[PDB]
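Below you'll find only one chain, the form deposited in one PDB entry, shown as structure tokens.
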């Protein structure tokens, strides 16, 4: 299923994912496109920050859903 991940600084990328993918999986896929390691990423859906071990299915993220990406930088 295709989803979109939007940063807050203006970038949209596209991903093919599974509904069973964990948020951590999604972060790993994002690193492939964006370079950022998973542990500097936080993902958001429908106003909410998402937890690493939940699946997309758990959050009602489906085909063509849009997530947002923010960075978490220890002292950054």
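We call the rigid core whatever largest set of C-alpha positions still superposes within 1.5 Å between the two forms. Residue numbers count along the first chain shown, from 1.
Here 4 to 12 and 67 to 75 are scored by the root mean square distance of their C-alpha atoms in 5 other deposited structures of this protein, with each structure fitted by the rigid core; the higher score goes to 67 to 75. Checked against the record, the higher mean CA B factor of 52 to 60 and 11 to 19 lies with 11 to 19. The deposited CA B-factor of residue 3 belongs to the lowest third of values across its chain. Residue 33 sits in the highest third of its chain by CA B factor, as recorded in the PDB entry.
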